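Participant: here goes the first bit of my complex:
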Amino acid sequence: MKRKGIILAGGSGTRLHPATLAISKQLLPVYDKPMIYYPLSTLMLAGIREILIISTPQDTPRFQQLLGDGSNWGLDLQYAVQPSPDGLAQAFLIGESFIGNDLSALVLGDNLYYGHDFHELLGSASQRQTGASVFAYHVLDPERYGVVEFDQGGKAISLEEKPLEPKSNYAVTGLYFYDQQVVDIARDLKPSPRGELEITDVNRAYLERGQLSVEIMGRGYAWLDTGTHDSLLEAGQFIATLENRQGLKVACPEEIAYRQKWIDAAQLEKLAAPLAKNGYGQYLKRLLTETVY
Amino acid sequence: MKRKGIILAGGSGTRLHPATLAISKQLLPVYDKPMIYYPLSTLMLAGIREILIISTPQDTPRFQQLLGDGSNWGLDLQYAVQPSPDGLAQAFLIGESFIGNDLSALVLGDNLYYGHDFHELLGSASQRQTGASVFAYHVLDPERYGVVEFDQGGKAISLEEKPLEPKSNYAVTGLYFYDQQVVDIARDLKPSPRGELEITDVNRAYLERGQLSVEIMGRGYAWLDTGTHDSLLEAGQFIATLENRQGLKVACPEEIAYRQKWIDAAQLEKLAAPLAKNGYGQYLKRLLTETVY
C-alpha cells in the first residue's frame, strides 16, 4: 500500500512580522536552501513520492514556481490552499480528495530534522499499515507544543496541547503518519477554544482507540526550532556547521532523489547545469563521481 | 538643494540560487527584519525622504506590499523595475526621470552599515553639493570590490574594479553620493567586458575630473557582507547580538522616522498597533516612553 504526503506550509500569522511580511516563512532559506526543502526531503526519505503542498493563497504560486510538478526529482507534486490558518488538522479536509483511500503522512513546512539512521526511524512508522504514528522529543519548553505523558512503564497515556503545566518534557514533533481513518476523524473534529482544528485532537482520538504509536526521537537527533527569529538563526548556523565540516549537504532533495534511484545520473547532470556556477550546482555535479557511504 | 535616494534591490542572478529562487535577496530578513530595511534606514539617516526602489518585475509588488508609498514613515517611496541586471550604473538611466535635476544618493539593497556617529559620517558626504562622494572601508578580500588607491598623503589616485592584485585593502562601499552630473556620466557609459555598466567607471570619471571625495569609513564601523550564505548568516548573528544586548534595534525605519521628527508619537503608536503582540510592535511602543541618548 502506497503512502501519500502532505507538507502543510501555511501562515505563521503576524508573529514574525515584519521579517515575514513579504514572504511566507517556508520559502525563506535556512542556510543554503529554502526551508521547505528540509521537510520535503524528510518525506522523500520515508519513501513518499506523491506530495500535496498546502499554503496560503498568496504564496502557492511561489511554491509552484520553486518546486514545479516534481517530475524533475522523480516526484508527483500537487498543490492546494489554506484560505485562513484555522488549525493544522485542517490539512486533512483540504487534502481529502488527494488522500483518497490511501495511507498518509503530514509534515510541517517549517520542521527540520537531522541525524543517523533517520531512514530506519521513519521506516518503522512508514511500514505500520494501521493506526497513527507520531514522534516524541525531549525539549526545554514543552508548553509550546503537544505534550505526551508516559506512565511508569513508558506507555503513552495523555496528550495535551500547549499545556500551562506540562506533564513531561516530551514534545510531539511535526511529522505524522496516518492510515485511512485520518480524514474521517478530521471531518468530525470540533474547533477548540482558540478557533483551531488541532492536530492533538486527531492524535488523541487514535490514542483513545489504542492506535497511537509514540516513537521516541532520541537526543542524538536534531529536531530544529524555526519559530523565533533566534531559533531560525540557530538553525542556519547548525546546518552550515555540518555542511562545511563534511562537504555534504543536509536535506538536498536532488541528492535524496538520486540515491533513492528516482532519477538517474543523466537527469542529475541536467539539474546541475543551470546552477553550475555556484556551490549547489557544483555539489550536484560532484555527487555523480563520488561514492558516499 | 535637496537630495533624492535610490535603493537598487534587483536580481542577484542565480548566484544564491536556490535559497533565492522564490524571492529576491533584499526581502530575506536579516535577523528580526527584512534586508531592505537596513539601507533604507541609512538613506533616512542621511536625511533623504524621497526614495526610488528599483527591483525586478517579479518582485516589485512584494516590495510595494512591504513598504507602501512611505507615507506611513514620513517618506515618499516610488518604484521602478530593472528588466535585466545590467550593472549598478544602470540605476541612473532607469532613475533619470525620478532624479530630474536634483542631487542623488545610491545605496545597494543588500548593504548593511552600523556604528557610532553614523549621522555625521553621512552628513559630510550629504553636505557636499558638488561632485561625488564615496566611502572606503578596509576589508580582507578587496579583490571582490572596487579598490581605491591612496598616495602617501592619503589622496585617492586610482580606482579599480575587482582587481586580481589590489593596490590596497580599501574597498568602495555600496553607498554613493552624486550631483547633477551623474545621469549624463551614466548615459555615456559603454558596457564592460562582463556586459555591465559599472559604478566604478562612473566614479572613475568623477576622479578624473578631480571631483571624487573618498571618505574613510573606519574600522570602528561595521559594514557587513550579505553576498554569500555564510556572510548573511554572520550578519544576522551580528545584528541579533547587538539588539539582544542593548534592547535597542539596528536600522528600524520607524525609529529613525520618529527621531528625525518625520512622524509624531500618535503616528508611531498607530504603526505599533498591528504588531502589538510581537517584539517589534512592543519595541515601537516602548520608544514612545523612553529617552534614548
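Facilitator: Structure received. Numbers count the residues shown, from 1 in each chain, chains lettered A, B, ... in the order given.

Participant: could you list the residues in contact with the particular helix or strand that has residue A:204 in it?
Facilitator: According to DSSP states H and E, residue A:204 maps onto helix A:199-208. Outside of helix A:199-208, the residues within contact range by CB atoms under 8 Å, 6 or more residues apart in numbering or on different chains are A:87-89, A:92, A:106, A:131-132, A:134, A:146, A:156-161, A:172, A:176, A:181-182, A:185-186, A:189-190, A:192, A:212. Every C-beta, even on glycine, is put in place using the N, C-alpha and C of the backbone.

Participant: and residue A:237, how many neighbours?
Facilitator: 16 (other CB atoms under 10 Å in any protein chain shown).

Participant: is it in contact with residue B:236, as I believe?
Facilitator: No. Assessed by CB atoms under 8 Å, residue A:237 is found out of contact with residue B:236, at 9.0 Å.

Participant: quick check: closest non-adjacent residue to residue A:170.
Facilitator: Once flanking residues are discounted, residue A:170 sits nearest to residue A:136: 4.2 Å by CB to CB, 6 or more residues apart in numbering or on different chains.

Participant: what helices and strands are in contact with the helix or strand the one you found falls within?
Facilitator: Assigned by DSSP H and E, residue A:136 falls within strand A:132-138. When contacts are defined as 3 or more CB pairs under 8 Å, 6 or more residues apart in numbering or on different chains; DSSP states H and E, strand A:132-138 sits against helix A:118-126, strand A:170-178, helix A:199-208, strand A:212-216.

Participant: which bits of the stretch 1-150 of chain A sit near chain B?
Facilitator: A:14-23, A:27-29, A:31-34, A:37, A:62-63, A:65-66 (CB under 8 Å from any CB of the partner chain).

Participant: now, these that are in strands?
Facilitator: Of the positions in the residues of the stretch 1-150 of chain A next to chain B, A:29, A:33, A:34 sit in strands, assigned by DSSP state E.

Participant: include this sequence as chain C:
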Amino acid sequence: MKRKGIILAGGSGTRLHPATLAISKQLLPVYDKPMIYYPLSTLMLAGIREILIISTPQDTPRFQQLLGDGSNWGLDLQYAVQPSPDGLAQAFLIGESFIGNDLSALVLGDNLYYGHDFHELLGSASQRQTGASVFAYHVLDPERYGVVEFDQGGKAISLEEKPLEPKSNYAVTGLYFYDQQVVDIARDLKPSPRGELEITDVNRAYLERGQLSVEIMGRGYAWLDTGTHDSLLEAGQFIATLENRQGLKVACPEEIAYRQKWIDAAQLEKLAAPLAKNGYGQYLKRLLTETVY
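Facilitator: Alright, chain C goes in next:
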C-alpha cells in the same frame, strides 16, 4: 576482557597562540563545559572506566585538579606526561605500563562526537577482541587528516597521512580501538620526515596484517573540528543549539556515569550540591527526578 582508555590531551604547539598561551586547548570550555569532558564521555559510553590522561608537564596538574582520581564518577583515572609533542603514537610508549596486557582505546583530547546510537557504533568496535578498529568520516578538507582509500567494493586498501592529493574525502577520526599488539607495534615505529611517531603508521601496520576494521561514521553523526579558532567557535554554537533546544546536555560525564549505573542517586546528589547555584548543578539535580528515553 577489559579495555583500558587513553585520552591524549597534549600540546597543539604554537598554532593557536596566543589564545592558548596560558592554558592547553583541552581545558578550554566548549560551550558549557571543558573540552576534555567530551572525549572522556565518549570513552565512558564505550564502557571504559580505567583511563590514562596524557598531557604536557605544565598542564597535567590542572587536569588532575579538574578530574581527580575519577572515584567520584565511578572511574579510575591515572595520569602521565608527554614532555615533547613527538606524535600521537607516542601515547602507547608512555602508556605501556598502564596498558599492561589489556585491550585499549585512544581518544584525542580535542575530538567531539555527537549523534544517535553512538553507544552501538562504539560497541561494535569495543566488542572485537582482536585487531584494530578505527572510524572514517566524510569531510571537505581531507588533506588535514589521515585519509582512507576504499576499493570499488568498499574495502579499505590504503591509509595516508595529510596527503597533498587525497584519494578520498574519508578522514580517520581521533578514536581508536586496539588489541594487545598496539604497544609492540608502537615500540617498533620509526619517526616520520616531520619528526613524529604517526598514528597512521600504527593503523597501516594493522591494515597490512588485514586486521583493521574501518567502520563508517555516517553523515548523521557530528564529528566536530576544534583545530582553528573558527571551528572551536562553530562547536560551541553547535553544542549550545542542541542543549538549549532539548534541555539535555551533550557529553556530561556525571550523567553518563549515572546512566551506566557507575554511581547511584545519592552520589549524583552529592556531585550536584557544590554547583547548585548554577545551571550545571541544577541540571544534575533534575536528572534524579526525570525519566529520559
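
Participant: again for the neighbour count of residue A:237, chain C present now?
Facilitator: 21.

Participant: what sits against it?
Facilitator: Residues counted as contacts of residue A:237 (CB under 8 Å, 6+ apart) are B:233, B:237, C:234, C:237, C:238, C:241.

Participant: mind redoing it with 7 Å?
Facilitator: By CB atoms under 7 Å, 6 or more residues apart in numbering or on different chains, the residues touching residue A:237 are B:233, C:237, C:241.

Participant: distance of the last one from residue B:235?
Facilitator: Read it as residue C:241. As judged by CB to CB, to the nearest Å, residue C:241 and residue B:235 stand 18 Å apart.

Participant: get me the contact residues on chain A for chain C.
Facilitator: A:114-118, A:138-140, A:169, A:216, A:218-222, A:225, A:234, A:237-238, A:241-242, A:244-248, A:292-293 (CB under 7 Å from any CB of the partner chain).

Participant: pull out the buried residues from the residues you listed.
Facilitator: Neighbour-count burial (16 or more other CB atoms under 10 Å in any protein chain shown) is assigned, among these, to A:114-118, A:138-139, A:169, A:216, A:218-222, A:225, A:234, A:237-238, A:241-242, A:244-248, A:292.

Participant: among those residues, which ones are in strands?
Facilitator: Reading strands off those with DSSP E, I get A:114, A:138, A:216, A:222.

Participant: and of those residues, the nearest to chain C?
Facilitator: Checking those against chain C with CB to the nearest CB, the nearest one is residue A:216 at 4.5 Å.

Participant: leaving out the residues flanking it, which one is nearest to the closest one?
Facilitator: Residue A:216's closest residue in space is residue C:293 (CB to CB, 6+ apart), at 4.5 Å.

Participant: gap between the one you found and chain B?
Facilitator: From residue C:293 across to chain B, the span is 33 Å (CB to the nearest CB, to the nearest Å).

Participant: these two touch, right, that residue and residue A:214?
Facilitator: No. Contact between residue C:293 and residue A:214 fails when scored by CB atoms under 7 Å: they sit 10.2 Å apart.

Participant: add chain D to the structure above, sequence below:
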Amino acid sequence: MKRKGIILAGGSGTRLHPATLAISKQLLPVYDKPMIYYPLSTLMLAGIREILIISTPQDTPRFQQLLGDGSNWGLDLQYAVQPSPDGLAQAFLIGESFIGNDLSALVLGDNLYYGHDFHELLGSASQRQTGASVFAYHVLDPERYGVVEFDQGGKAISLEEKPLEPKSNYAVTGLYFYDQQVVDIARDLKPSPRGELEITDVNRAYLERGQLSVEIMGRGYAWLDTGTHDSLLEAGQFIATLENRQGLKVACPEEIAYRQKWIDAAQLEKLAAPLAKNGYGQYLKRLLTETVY
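Facilitator: Below is chain D, added to the chains above:
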C-alpha cells in the same frame, strides 16, 4: 598628571563552573585572543601604560606567563593577588600602594568594548583630572548591573546596584576613572548585605559630592557581555565577524602599542617572529607594511 590602571581579573566564583574549573575566566580566549587582551587594550587606548593586574593566587603565574612585565609592548605591568573575591571596590585597598598618589582607572578583566572614536570617548574621561568618570550604556537587562537615573535635563541623579525595578535601561559599564580620593573613599566602605565592597557605593559617594561625570556610551558602540556561557559565545562570533570581514583585529595589544608609538617597527617585528607560522604573527608582520586610516 599621570594615570595608573588596574585590571581586576579575579575569581568569578563557581558561577561558570565547570567551564572555568581549570582556569580563570579572563584567560579564556574570545575568538582569536585571550579575554584579558580586550580590557588591557582599552587601558592602552586611554593612554595608560602602568597597569596592575589583580587575580587569584592560583592564576597570577598564568597571567604573568601570558603578559610578562609589559616591557615588550611598552608598558609596565605589575601583579597583585586577591585572596578572596570580596567586591570590585576591594581593588583600591589591594591597589593602594601601586596607586600611590596618582590618578587611576579600573577595568573589569572580562569587559569587551568596540567602536568608532573609542579614543575620544575615553579621552574625555581620561582628561578630567578631578572627580570620577563612568560610562552609561543602554542594555535590555539593567537589573543585572548598576543603573544610573537621569533627570529630564540628562543629569545623573541616582545610582542603584542590581535594582529589581530599574529607573532606566542605562547600565554603568566596567570602566571607571578616578582621582586621588578613590583610595580613601574605598577604605571607608562597609561590606554590603552580599558580603561585597561595591563599586556602586564608591561611585555613589562621588555623586553625593557632585563629582561624578556619567558619559553616555552610545548604541553605536559594542559593550559585550561575557557573563554567561551564551554571551561569551556571542562575543566570539561578534569579534570574529568583524575581524574576518575587515582583515583587521579588535583589541590587539601589539597594534595598539605600535600605533601609540610605544614600540617601533623593529620591536613589532621581533614580537611577530615567534608566531610567524600563524595568522596572529602574520597579522603583526602585515602591520609593518600597510597604512591603516
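
Participant: so, the contacts of residue A:237 revisited with chain D in the model?
Facilitator: By CB under 7 Å, 6+ apart, the contact list for residue A:237 reads B:233, C:237, C:241.

Participant: for the residue lying closest to residue A:131 once chain neighbours are set aside, the count of nearby residues, please.
Facilitator: Spatial nearest neighbour of residue A:131, chain neighbours left out: residue A:211 (3.4 Å); criterion: CB to CB, 6+ apart. Residues lying near residue A:211 (other CB under 10 Å) number 16.

Participant: could I get the contacting residues of residue A:211?
Facilitator: Contacts of residue A:211 (CB under 7 Å, 6+ apart): A:130, A:131, A:132.

Participant: phi, psi for the closest residue to chain D within the stretch 51-200 of chain A please.
Facilitator: Closest approach of the stretch 51-200 of chain A to chain D (CB to the nearest CB) occurs at residue A:140, with a separation of 13.3 Å. Backbone torsions for residue A:140, taken as degrees, to the nearest 10, come to phi -80, psi -30.

Participant: wait, it touches residue C:249, no?
Facilitator: No. Assessed by CB under 7 Å, residue A:140 is found out of contact with residue C:249, at 11.2 Å.

Participant: from the contacts of residue A:237, pick the one nearest residue A:197.
Facilitator: Checking the contacts of residue A:237 against residue A:197 by CB to CB gives residue C:241 as the nearest, at 32.1 Å.

Participant: and the closest one, how far from residue A:46?
Facilitator: Taken as CB to CB, the span from residue C:241 to residue A:46 is 25 Å.

Participant: do you know how far residue A:137 is from chain B?
Facilitator: From residue A:137 to chain B the distance is 25 Å (CB to the nearest CB).

Participant: rebuild the contacts of residue A:211 as a markdown table, extending it with distance to residue A:204 and neighbour count.
Facilitator: Shown next, in a markdown table, are the contacts of residue A:211 (distance: CB to CB, whole Å; neighbours: other CB atoms under 10 Å in any protein chain shown):
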| residue | distance to residue A:204 | neighbour count |
| --- | --- | --- |
| A:130 | 18 | 11 |
| A:131 | 13 | 16 |
| A:132 | 10 | 23 |
